[PDB]
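The file final_25.txt contains compact mmCIF, C-alpha atoms:
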```
# COMPACT_ATOMS: atom_id res chain seq x y z
CA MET A 1 -0.85 20.52 -12.25
CA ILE A 2 0.77 20.99 -8.86
CA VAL A 3 4.44 20.05 -8.47
CA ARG A 4 6.15 20.37 -5.10
CA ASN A 5 8.98 18.69 -3.31
CA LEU A 6 9.63 17.71 0.29
CA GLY A 7 12.88 19.67 0.75
CA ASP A 8 11.19 22.94 -0.19
CA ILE A 9 8.06 22.17 1.78
CA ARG A 10 10.04 21.48 4.94
CA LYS A 11 11.36 25.08 4.60
CA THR A 12 7.80 26.52 4.95
CA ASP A 13 4.78 26.71 7.26
CA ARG A 14 3.25 23.67 5.57
CA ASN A 15 5.78 21.68 7.55
CA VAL A 16 4.56 21.14 11.07
CA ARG A 17 6.66 19.94 13.99
CA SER A 18 5.55 18.61 17.28
CA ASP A 19 6.38 16.36 20.21
CA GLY A 20 7.26 12.96 18.77
CA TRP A 21 6.60 13.68 15.04
CA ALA A 22 7.04 16.11 12.09
CA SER A 23 4.65 16.32 9.12
CA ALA A 24 5.24 17.84 5.67
CA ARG A 25 1.91 18.68 4.06
CA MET A 26 2.30 18.14 0.34
CA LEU A 27 -1.41 18.81 -0.21
CA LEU A 28 -4.13 20.38 1.88
CA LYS A 29 -7.84 21.02 1.54
CA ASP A 30 -7.16 24.20 -0.48
CA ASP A 31 -5.46 22.26 -3.25
CA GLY A 32 -8.83 20.77 -4.11
CA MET A 33 -7.96 17.07 -4.50
CA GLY A 34 -10.50 16.06 -1.86
CA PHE A 35 -7.85 14.49 0.37
CA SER A 36 -4.69 15.78 2.02
CA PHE A 37 -1.37 14.08 1.48
CA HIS A 38 1.48 14.24 4.02
CA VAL A 39 4.98 12.86 4.54
CA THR A 40 5.15 12.27 8.28
CA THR A 41 8.18 11.38 10.32
CA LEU A 42 7.60 9.53 13.64
CA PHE A 43 10.61 9.82 15.99
CA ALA A 44 12.56 6.87 17.36
CA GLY A 45 11.61 6.01 20.95
CA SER A 46 8.37 7.97 20.84
CA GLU A 47 5.02 6.73 22.14
CA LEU A 48 2.47 8.20 19.84
CA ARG A 49 -1.07 7.90 21.10
CA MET A 50 -3.27 8.79 18.16
CA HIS A 51 -6.99 9.04 17.43
CA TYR A 52 -8.57 10.84 14.43
CA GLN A 53 -12.14 11.69 15.24
CA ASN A 54 -12.53 13.80 12.14
CA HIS A 55 -10.69 11.90 9.39
CA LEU A 56 -10.03 8.57 7.80
CA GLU A 57 -6.34 8.00 7.37
CA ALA A 58 -4.21 5.72 5.27
CA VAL A 59 -0.49 5.33 6.06
CA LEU A 60 2.22 3.65 4.00
CA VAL A 61 5.48 3.03 5.80
CA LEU A 62 8.38 4.21 3.64
CA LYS A 63 11.35 3.74 5.96
CA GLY A 64 12.01 2.47 9.49
CA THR A 65 10.51 -0.02 11.91
CA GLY A 66 8.27 -0.14 14.97
CA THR A 67 4.77 -1.31 15.87
CA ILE A 68 1.23 -0.02 15.87
CA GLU A 69 -1.24 -1.13 18.51
CA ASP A 70 -5.00 -1.24 17.89
CA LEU A 71 -6.56 -0.37 21.24
CA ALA A 72 -9.92 -1.96 20.38
CA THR A 73 -8.30 -5.38 20.72
CA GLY A 74 -4.73 -4.74 21.90
CA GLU A 75 -3.39 -6.35 18.75
CA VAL A 76 0.14 -5.17 17.81
CA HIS A 77 1.21 -5.06 14.18
CA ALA A 78 4.78 -4.72 13.00
CA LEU A 79 5.69 -1.67 10.99
CA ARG A 80 8.41 -2.00 8.29
CA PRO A 81 8.68 -0.54 4.78
CA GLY A 82 5.79 -1.63 2.63
CA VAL A 83 3.36 -2.01 5.53
CA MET A 84 0.18 -0.08 4.92
CA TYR A 85 -2.34 0.64 7.62
CA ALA A 86 -5.69 2.43 7.29
CA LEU A 87 -7.56 3.84 10.23
CA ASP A 88 -11.02 3.20 8.87
CA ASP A 89 -13.04 3.10 12.14
CA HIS A 90 -11.59 6.24 13.71
CA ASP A 91 -9.41 3.80 15.62
CA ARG A 92 -7.54 4.60 18.79
CA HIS A 93 -4.02 3.46 18.25
CA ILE A 94 -0.53 3.71 19.52
CA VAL A 95 2.59 3.80 17.36
CA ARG A 96 5.97 3.04 18.90
CA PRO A 97 8.77 3.78 16.46
CA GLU A 98 11.93 1.67 17.04
CA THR A 99 13.88 3.76 14.48
CA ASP A 100 12.55 6.94 12.95
CA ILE A 101 9.58 5.97 10.76
CA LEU A 102 8.87 7.75 7.50
CA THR A 103 5.32 7.51 6.24
CA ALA A 104 3.13 8.71 3.39
CA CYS A 105 -0.22 9.67 4.82
CA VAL A 106 -3.53 10.29 3.10
CA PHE A 107 -6.46 11.98 4.95
CA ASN A 108 -10.16 12.14 3.98
CA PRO A 109 -11.61 14.66 4.58
CA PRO A 110 -8.53 16.78 3.78
CA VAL A 111 -6.66 18.34 6.60
CA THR A 112 -7.44 22.04 6.14
CA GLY A 113 -4.92 23.73 8.21
CA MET B 1 -8.19 -0.95 11.21
CA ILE B 2 -6.82 -2.44 7.97
CA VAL B 3 -3.20 -3.66 7.82
CA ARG B 4 -1.75 -4.81 4.51
CA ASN B 5 1.68 -5.58 3.15
CA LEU B 6 3.08 -4.34 -0.24
CA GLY B 7 5.29 -7.36 -0.69
CA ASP B 8 2.37 -9.79 -0.28
CA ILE B 9 0.09 -7.70 -2.54
CA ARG B 10 2.75 -7.63 -5.34
CA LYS B 11 2.28 -11.41 -5.57
CA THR B 12 -1.50 -11.17 -6.24
CA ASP B 13 -4.07 -10.13 -8.81
CA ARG B 14 -4.18 -6.72 -7.01
CA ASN B 15 -0.78 -5.99 -8.60
CA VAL B 16 -2.10 -4.66 -11.93
CA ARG B 17 0.32 -4.92 -14.91
CA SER B 18 0.35 -2.92 -18.17
CA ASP B 19 3.00 -2.02 -20.67
CA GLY B 20 5.31 0.30 -18.85
CA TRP B 21 4.15 -0.18 -15.22
CA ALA B 22 3.05 -2.46 -12.37
CA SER B 23 0.68 -0.96 -9.84
CA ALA B 24 -0.10 -2.46 -6.41
CA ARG B 25 -3.64 -1.69 -5.15
CA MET B 26 -3.22 -1.20 -1.40
CA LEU B 27 -6.53 0.48 -0.72
CA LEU B 28 -9.64 -0.38 -2.67
CA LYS B 29 -13.00 1.38 -3.18
CA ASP B 30 -14.68 -1.20 -0.87
CA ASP B 31 -12.42 -0.25 2.03
CA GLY B 32 -14.64 2.84 2.21
CA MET B 33 -11.96 5.53 2.62
CA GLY B 34 -13.23 7.58 -0.36
CA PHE B 35 -9.95 7.28 -2.25
CA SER B 36 -7.80 4.47 -3.56
CA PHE B 37 -4.05 4.13 -2.63
CA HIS B 38 -1.42 2.45 -4.85
CA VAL B 39 2.33 1.74 -5.07
CA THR B 40 3.33 1.88 -8.75
CA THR B 41 6.50 1.02 -10.60
CA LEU B 42 6.98 3.00 -13.81
CA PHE B 43 9.56 1.19 -15.92
CA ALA B 44 12.83 2.80 -17.14
CA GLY B 45 12.64 3.91 -20.74
CA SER B 46 8.83 4.21 -20.94
CA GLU B 47 6.74 7.00 -22.36
CA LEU B 48 3.48 7.02 -20.45
CA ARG B 49 0.77 9.32 -21.77
CA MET B 50 -2.02 9.75 -19.32
CA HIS B 51 -5.10 11.79 -18.78
CA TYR B 52 -7.81 11.20 -16.15
CA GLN B 53 -11.14 12.76 -16.99
CA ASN B 54 -12.90 11.30 -14.02
CA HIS B 55 -10.26 11.11 -11.30
CA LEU B 56 -7.95 13.44 -9.45
CA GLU B 57 -4.55 11.83 -8.84
CA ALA B 58 -1.74 12.74 -6.54
CA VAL B 59 1.65 11.04 -6.87
CA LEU B 60 4.66 11.05 -4.50
CA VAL B 61 7.92 9.80 -6.00
CA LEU B 62 9.64 7.35 -3.67
CA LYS B 63 12.55 6.14 -5.75
CA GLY B 64 13.98 6.86 -9.22
CA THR B 65 14.25 9.76 -11.62
CA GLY B 66 12.60 10.95 -14.80
CA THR B 67 10.35 13.75 -16.02
CA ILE B 68 6.71 14.65 -16.17
CA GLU B 69 5.43 16.95 -18.97
CA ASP B 70 2.34 19.12 -18.62
CA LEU B 71 0.84 19.12 -22.12
CA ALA B 72 -1.11 22.33 -21.51
CA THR B 73 2.17 24.19 -21.68
CA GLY B 74 4.91 21.74 -22.55
CA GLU B 75 6.62 22.45 -19.24
CA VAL B 76 8.87 19.58 -18.11
CA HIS B 77 9.34 18.93 -14.41
CA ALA B 78 12.07 16.84 -12.82
CA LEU B 79 10.90 13.67 -11.03
CA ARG B 80 13.16 12.49 -8.25
CA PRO B 81 12.56 11.18 -4.72
CA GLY B 82 10.47 13.67 -2.76
CA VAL B 83 8.71 15.21 -5.70
CA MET B 84 4.93 15.28 -5.49
CA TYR B 85 2.75 15.93 -8.52
CA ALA B 86 -1.03 16.38 -8.37
CA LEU B 87 -3.20 16.29 -11.48
CA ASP B 88 -5.69 18.77 -10.07
CA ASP B 89 -6.95 19.94 -13.53
CA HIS B 90 -7.46 16.49 -15.02
CA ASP B 91 -4.12 17.32 -16.72
CA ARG B 92 -2.99 15.64 -19.87
CA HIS B 93 0.57 14.57 -19.13
CA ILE B 94 3.52 12.40 -20.07
CA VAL B 95 5.85 10.64 -17.66
CA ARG B 96 9.24 9.50 -18.94
CA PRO B 97 11.09 7.38 -16.39
CA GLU B 98 14.89 7.57 -16.73
CA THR B 99 15.34 4.77 -14.24
CA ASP B 100 12.49 2.76 -12.84
CA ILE B 101 10.37 5.18 -10.80
CA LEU B 102 8.49 3.94 -7.64
CA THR B 103 5.48 6.01 -6.61
CA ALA B 104 2.77 6.21 -4.00
CA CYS B 105 -0.44 7.21 -5.77
CA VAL B 106 -3.81 8.49 -4.52
CA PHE B 107 -6.95 8.57 -6.65
CA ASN B 108 -10.14 10.39 -5.93
CA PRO B 109 -12.66 8.82 -6.43
CA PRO B 110 -11.20 5.39 -5.74
CA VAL B 111 -9.99 3.32 -8.67
CA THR B 112 -12.45 0.61 -9.56
CA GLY B 113 -12.63 -1.76 -12.46
CA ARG B 114 -10.89 -0.48 -15.56
CA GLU B 115 -10.87 3.25 -16.30
CA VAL B 116 -7.47 4.55 -15.09
CA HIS B 117 -5.63 1.38 -16.28
CA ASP B 118 -6.76 2.17 -19.87
CA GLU B 119 -6.13 5.92 -19.39
CA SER B 120 -2.49 5.00 -18.55
CA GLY B 121 -0.26 4.58 -21.61
```

Written form, structure tokens:
Amino acid sequence: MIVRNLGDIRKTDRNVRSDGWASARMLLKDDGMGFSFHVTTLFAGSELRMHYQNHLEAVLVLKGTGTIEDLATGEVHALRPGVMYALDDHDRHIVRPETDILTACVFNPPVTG
Amino acid sequence: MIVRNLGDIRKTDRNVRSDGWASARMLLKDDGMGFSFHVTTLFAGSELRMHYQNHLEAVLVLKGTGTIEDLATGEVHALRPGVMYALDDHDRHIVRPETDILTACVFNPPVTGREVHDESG
């Protein structure tokens, strides 16, 4: 049984920070679950151009609002709590957070990092 | 790209109900991600005794408080928002929600039919 908590994780090197986002890795490849599990913050007013060549991702919006754009079609979908999007086709997409957006993210294969 | 909505799903047959909990299936086996993805309410006052022989489950607590007990040792861990537990050893465990607890759950392999529903309380 593994038990961790966000507060403690954000005080370690399993919390990664970058330009436009921060991600707290609750689980990584080493934990052996066969997926990684992340709590990722997307910063208000960012333009996050994303594309996961090497993973499938699922994202559940926990807090905040914005939009995600599917570049295959240009369709824009609203993001609000309870919206779930899955990048099943290694989709190129663009997230524009209006407020900060808090997400729970699942990656397969696991981020191993 | 798949885009779903928790609030719409809660109104459908994909919101699975048992004594002690109501679990929304957001991602299904057939979505081909290699895991299933759920939002589950565990009801205040419950005692949920669970053990998955054939699935690894990770759980992030989104709202509410209670405890989880690891029955290998009897250790009791606090559940509150931000706590993540992973059942990496097919652990036998007991969740006791103080208030309603809301979770985001991941199963590997994906949940399908009825095996983890029955293994849950």

Using only C-alpha atoms, find each residue of chain A with at least one atom at most 8 Å away from an atom of chain B; report its shortest atom-to-atom pair and that distance in Å (one decimal), sort the rows by chain and rising residue number, and return the result as a tab-separated table.
```
residue	atom	partner	partner_atom	distance
A:1	CA	B:87	CA	4.9
A:2	CA	B:86	CA	5.0
A:3	CA	B:85	CA	4.5
A:4	CA	B:84	CA	5.2
A:5	CA	B:83	CA	4.2
A:6	CA	B:82	CA	5.1
A:7	CA	B:82	CA	7.4
A:26	CA	B:84	CA	7.0
A:31	CA	B:88	CA	7.7
A:32	CA	B:88	CA	7.0
A:33	CA	B:56	CA	6.1
A:34	CA	B:108	CA	7.0
A:35	CA	B:108	CA	7.9
A:56	CA	B:33	CA	6.3
A:57	CA	B:33	CA	7.8
A:70	CA	B:1	CA	7.4
A:77	CA	B:3	CA	7.9
A:82	CA	B:6	CA	4.8
A:83	CA	B:5	CA	4.6
A:84	CA	B:4	CA	5.1
A:85	CA	B:3	CA	4.4
A:86	CA	B:2	CA	5.0
A:87	CA	B:1	CA	4.9
A:88	CA	B:1	CA	5.5
A:89	CA	B:1	CA	6.4
A:91	CA	B:1	CA	6.6
A:104	CA	B:104	CA	7.8
A:106	CA	B:106	CA	7.8
A:108	CA	B:33	CA	7.0
```

Using all atoms listed in the file, pick whichever of A:54, A:67, A:15, A:103 has the shortest atom-to-atom distance to residue 42 of chain A.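 Nearest to residue 42 of chain A: A:103.
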
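Comparing A:63, A:14, A:90, A:80 by their smallest distance to residue 107 of chain A, the closest is A:90 (using all atoms listed in the file).
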
**Asked** From the set B:16, B:51, B:94, B:63, which residue has the shortest atom-to-atom contact distance to residue 76 of chain B, counting all atoms listed in the file?
**Response**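 Closest to residue 76 of chain B, using all atoms listed in the file: B:94.
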
Calculated over all atoms listed in the file, which of the candidates A:23, A:13, A:53, A:65 has the smallest distance to residue 38 of chain A?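 Using all atoms listed in the file, the shortest distance to residue 38 of chain A belongs to A:23.
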
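A straight line drawn from atom CA of residue 55 of chain A to atom CA of residue 92 of chain A is 12.3 Å long.
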
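Around residue 40 of chain A, within 9 Å and counting all atoms listed in the file, the residues found are residues 21, 22, 23, 24, 25, 101, 102, 103, 104 and 105 of chain A, once anything fewer than 5 positions away on its own chain is removed.
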
| task | Rounded to one decimal place, report the atom CA of residue 20 of chain B-atom CA of residue 47 of chain B distance in Å. | result |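 So the answer is 7.7 Å.
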
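In this model, the gap between atom CA of residue 73 of chain A and atom CA of residue 25 of chain B comes to 26.5 Å.
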